[PDB]
Amino acid sequence: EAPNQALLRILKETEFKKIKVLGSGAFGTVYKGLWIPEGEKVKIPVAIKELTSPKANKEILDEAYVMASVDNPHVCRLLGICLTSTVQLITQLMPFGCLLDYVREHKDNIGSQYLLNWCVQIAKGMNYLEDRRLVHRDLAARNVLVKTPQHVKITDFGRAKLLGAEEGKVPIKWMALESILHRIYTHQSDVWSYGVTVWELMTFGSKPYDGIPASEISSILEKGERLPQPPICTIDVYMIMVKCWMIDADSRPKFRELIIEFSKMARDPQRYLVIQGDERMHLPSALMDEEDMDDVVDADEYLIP
Ligand SMILES: */C=C\C(=O)Nc1ccc2ncnc(Nc3cccc(Br)c3)c2c1
Ligand SMILES: [Cl-]
Ligand SMILES: [Cl-]
């Protein structure tokens, strides 16, 4: 392979305010905050991710390695790490949260134009990863984030690996059949997970195979069962999802095809998704709460040599 020359930026804890908890888990916490780069006069809204103590540092560090290596408008990148205590990951804040929560909150206001655009943007992020030979291995709507309603990015590179390499809970309900049976993971298994992510969006946040248990799933899948057609979905859309779920991994769409197909559909959204009162809907895009925030710069506009 080629040398990875990404810069890992180390950030002093003095540099930022950990303004509030955003989320918490058995898996550690995520905070929102501000990062003021030393002597730069800019304020950058950020998310800070953290937390045995020695063996969780290793998992988190791998995530930083992958995150620091990616650069694309539809992938989240690491701004840097902070080395105090347990290691902290710093990234651009995505103010509207994850896409899964967002579709749940806004089902009434979400039009076909947006649903399809997200499908295009996610396929672009995934295609980028494939170009860099990354197999993500945890694609799901929970792991897609909303910068604005018009702009989403892929995240959560904790399970990521280079294609070919082999290196708690595994996401059964999003995984390709070969993955569940044989722990095989390719860009095409990511395609399968893409199918499920799209289904999650088209159902406005439904849980796939609600009620069923993970042990059950490889079995359901072997019989030939699949996720059902969502109400808003034309057969055109649903059949794209279905192709993402073929047994023959080489028979599934490539991410570059997914970009093309969804992109065509996004020209004529009302022809592919049927949504009641679709035309009326609008989603809102100051926004930065603090009073002295006119030195605020989004991370996308903050570039380093
Ligand atoms: C579905 C819940 C959720 O993901 N909430 C959330 C909201 C905003 C946000 N902004 C920036 N980053 C993240 N998550 C994240 C994932 C991996 C690494 C890092 Br540093 C941050 C969120 C998450
Ligand atoms: Cl699961
Ligand atoms: Cl729900």
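Neighbour counts are summed over all protein chains in view; Cβ atoms, including those assigned to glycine, are modelled from backbone coordinates with ideal geometry. Each answer follows from the model by the rule given with it, or from the source it names; no laboratory read-out is quoted.
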* Asked: What are the residues in the range 26-62 that are in contact with a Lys or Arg (Cβ under 8 Å, 6 or more places away or on another chain) and part of a loop (DSSP other than H, G, I, E, B), if any?
  -> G28, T29, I36, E38
* In the range 99-108, is there at least one residue being touching a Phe, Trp or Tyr at 6+ places or on another chain (Cβ under 7 Å) and more than 13 Å from ligand 1 (Cβ to nearest atom)? -> yes
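Could you check the range 66-98 and list, in sequence order, the residues that are part of a helix (DSSP H, G or I) and in contact with a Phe, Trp or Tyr (Cβ under 7 Å, 6 or more places away or on another chain)? Working first, answer last.
Looking only at the range 66-98, we keep the residues that are part of a helix (DSSP H, G or I), and these are 66-69.
Hits for the range 66-98 are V66, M67.
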* From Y185, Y209, residue being part of a loop (DSSP other than H, G, I, E, B), more than 17 Å from the chain's Cα centre (by Cα) and within 20 Å of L100 (Cα to Cα) -> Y209
* Filtered residues of the range 208-231 (kept if at negative phi and of a type in the set (S, T, Y)) -> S215, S218, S219
* To do: Search the range 195-217 for residues that are within 21 Å of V237 (Cα to Cα) and within 16 Å of ligand 1 (Cβ to nearest atom) and pair each with any residue that is assigned to a helix (DSSP H, G or I) and β-branched (V, I, T) when their beta-carbon atoms are under 7 Å apart and the residues are at least 6 apart or on different chains.
  => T197/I122; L201/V103; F204/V103; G205/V103; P208/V196
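Which residues, taken from the range 266-300, are among the charged types (D, E, K, R), closer than 30 Å to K17 by Cβ and loosely packed, with under 14 Cβ neighbours inside 10 Å?
Pass one, the range 266-300, residues among the charged types (D, E, K, R): 267-268, 271, 278-280, 289-292, 294-295, 298, 300.
Subset that is closer than 30 Å to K17 by Cβ: 289-292, 294-295, 298, 300.
Within the range 266-300, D289, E290, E291, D292, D294, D295, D300 qualify.
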* Note down all Cβ pairs under 6 Å where the first residue falls in the range 122-150 and is under 17 Å from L100 (Cα atoms) and in the same structural domain as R256 (by CATH), the second is assigned to a loop (DSSP other than H, G, I, E, B) and among the hydrophobic types (A, V, I, L, M, F, W, C), and they're at least six residues apart or on different chains. => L145/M94; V146/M94; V146/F96; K147/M94; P149/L283
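Which of the following residues is within 16 Å of ligand 2 (Cβ to nearest atom), closer than 28 Å to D131 by Cα and either under 18 Å from the mean Cα position of the chain (by Cα) or exposed (fewer than 15 other Cβ atoms within 10 Å of the Cβ) (or both): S219, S193, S179?
On the way: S219 fails: closer than 28 Å to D131 by Cα; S179 fails: either under 18 Å from the mean Cα position of the chain (by Cα) or exposed (fewer than 15 other Cβ atoms within 10 Å of the Cβ) (or both).
It is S193.
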* To do: Kindly list the number of the only condition in (1) surrounded by 18 or more Cβ atoms within 10 Å (Cβ to Cβ); (2) under 21 Å from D295 (Cβ atoms); (3) of a type outside the set (D, E, K, R) that fails for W118.
  => (2)
